[PDB]
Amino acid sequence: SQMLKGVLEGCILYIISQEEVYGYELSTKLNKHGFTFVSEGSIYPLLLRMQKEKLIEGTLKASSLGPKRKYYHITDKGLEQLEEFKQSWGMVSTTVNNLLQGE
């Protein structure tokens, strides 16, 4: 699971870029897309840091059901970095995947 953490910040940015989500909603999506080890508790410090670096930002909005939650959205800086991640990832993915099938 040591490597899952390398790409976790990028996948969090991707998810948030596509939909405003609150903490529990985020980790649930992460779980169901294959990050089985993540929990709100384990990624919390990463969320605090991504905020301090202004990649994402939480705002208190009312939910479709009424109760007010802290939804996170991506900043312009965060989007720039998301694009960097997508580019790097497709590069490394292609490079490593082609290699490991040589025989």
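A residue's number is simply how far along the shown sequence it sits, counting from 1.
Averaged over Cα atoms, the B-factor as recorded in the entry is higher for 1-9 than for the other of 93-101 and 1-9. Higher mean CA B-factor, judged across 32-40 and 63-71 from the recorded values: 63-71. Sorting the modelled residues of the chain by their CA temperature factor places residue 19 in the middle third. In the deposited entry, the Cα temperature factor of residue 83 places it in the middle third of its chain's modelled residues.
Ranked within its chain, residue 52 lands in the highest third, by CA B factor from the PDB record.
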